[PDB]
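What follows is one chain in C-alpha cells, specifically the form deposited in one PDB entry.
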C-alpha cells in the first residue's frame, strides 16, 4: 500500500510510518521558488528511491547526488523495521539554485515506524497466525479462509436466566472458551508521537452482532472489560512500546438470518489529531472479518448421545421398553415426567475451529430450562404471522448427506412440511423458514404435509442407516402396503382378526380386518392419502437423489377429518427412535395372527434382513385407547457431523 506524505515548504514534517506500507514523497512543493536541483540524505533504516517519471533509483545515506527539481521527480520511502528509542529515522532534502553548490534551503521528514496488525485465526486451525493476508475476506471450502465466530448462546452460570450473549458482561473465565481470539500486535518505541492514537471500532450495524472483551488482571483478580459491542462502537487502545500484544475475545450475538448474512468486521485505525473540532484522520486501517457459524441439524444416521423422553409418570410399559431399548446402546436416557420434547425443540449444533456445542431451537409460542453450560438456545418469534401446527418441530427434520445431480450436500438437507402453492393451506411461519434458509448449509426443501390433520413430516417419513454400510434408507408410510397385507390375511382366513387387542376402551368397537376392508369410504380416503404420500415420495427422490432401491414402505392407515385431512388409524410406525441399528418402533396394535401382530411381523420381515433390530414400544396402553394422538415424545441428541461446515461451498444466494 502506497501512502502520500509531502515535504512541506518551510517546516519539517514528522510522520508515523506503518510497516507494510510505503510512502511516496513530493519534494518539489517544499522547494523555494526558483530552486533548480535537490540532493538528499537519509538514515540507516530508511530506504529511499528517487523516482523520475516512473523510473526508480536507490539512493545512499550520504551521497552528494543532485537531481533536477520537477513535479514528476519524487521520492519513494520504505522502512523494514520498527523504530526504537535508539532510532533517528529521517530523510533530509537540500535545495540548490543555479548559482552555487551550497544549499539554499532544507526540508526534512522525520519518521517513527511502528508495526500494527489486527490478527485472527483465518486459516481455521484454532491458533492466531501473524497477519494472514486473507484475514479481511471470508471464503468457503477446503481451501477457504477467514475467521469463524460462535453465537455464544449457552449459559455459563445458572444465577442469571438469559443466554450469555444477551448482555455486555462476562462473569466467568469459562465463557472465554466459547469466544474467538483476536490479537492486536504492535511494535514501536516507548510512545506514539504527539497527536496519534490507536482505535478499535465496529459499524453501528454490527454492534448488535458482536461483543469484544479484554481481560485485565488488576490486584483483586481477573476482570473482563467490554470494549466493542452494543452501544460501544469504538475503543481507544492504550499503547505499550516495544513488541506488544493485546488479546481480545470475540463473541457472536446473532445467528445468520433474513437480512443478516453472518459476516461481521472489526477494524483498527491509527488516527492523527489535526486540531480541535476537526475529525481525526485515519492514517492506517487494518481489518478482520468473522463469519458467524450457522445452526446445523443432525439426521438419524449420526451417532446418538442422549435420548430425551417425555411421558406421564405412570406409563410403565413405555418407560420399561424405552429403557430396554436404550440399554442395548451406549446412550444416556433422560426422562421428564405431552409431545413437547419432539414438538417444541430441535437439537442442533454450532461449531468453530476452537469450540462447538449443541444448541436447541425452540418452536414459536419449559424448553429454556435446557439452557446451560455448552448447551445453547435460540428461538424465532413471528411478530405478526400466526403460528399453526406446521410450526411444531415434528414438522422439522433433516436428511442424511446426499448428492443430487452431482451437487453434494455433505450435511444433508432440512425438510419441512408445507401445502401446495395455490392451495391456501398451512405453511410453517416465514420467520422460521427464513432462519433455516439463512443457515445455508442445509439447503431446506419443503415437502407436502398439509394433507395431515397435525401436518408434520415425521408422521409420514423417516431415515435409517443400513448397518455395516455407509448407506441409508428412506422409510415411507404406505396405505397400499397395509391394504395388501390385510387383504392377504383375509384371504388366508383371518378376516375376523381384531385390532387394538388389550385396549379396553376400544373393545366395544370390535374392529376387525373384515370391518376395515368392507368400509368403502375408508378405502377411498386411503387411496387419496396414498396419492399424497406418493407426491412426497417423488419430491424426496428428486431433491435427495434417491431411487426406489433406497426406499422401504411401512404399512400405515389413516382416517379423514372434516377438512379432508388425515390422522392415524393405528400408531404411525414410521416415527421411530433410531439408535444406529436399534429401532424403537411405535407398537401398532394390529390384527393378531397366530398370537403375533401381523403388522409387527410384516415390519420385522422388511427391516431385520438388513441388520436392523426392531423393538416395538407401547405408548398407548396406559390410555386404554388410540384416537390418532400420541401422548409421548422422544428426541435424540446426536454427535455433530465429522465434515466441517466451512468446507462446504453453498450455492450463491
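Note that the rigid core is defined as the largest set of C-alphas that superpose within 1.5 Å between two forms. Residue numbers count along the first chain shown, from 1.
Missing here is the form deposited in another entry; even so, the following discussion is about that form.
J.: In a fit on the core, which one among 272, 97, 327, 374 has a Cα that moves 2 Å or more between the shown form and the other one?
T.: One residue passes the 2 Å cut-off, namely 374.
J.: So that I can tell if residue 217 moves, could you say whether its C-alpha shifts by at least 2 Å between the shown form and the other one after the core superposition?
T.: Residue 217 C-alpha, core-superposed: shift of 2 Å or more.
J.: Looking in the other entry, decide if the C-alpha atoms of residue 218 and residue 114 are closer or farther than in the form shown; they differ by 3 Å or more.
T.: Here the pair is farther apart than in the other entry; there, closer.
J.: Closer or farther: how do the CA atoms of residue 229 and residue 374 lie in the other entry, compared with the form shown, if the change is at least 3 Å?
T.: Residue 229 and residue 374 sit farther apart in the other entry.
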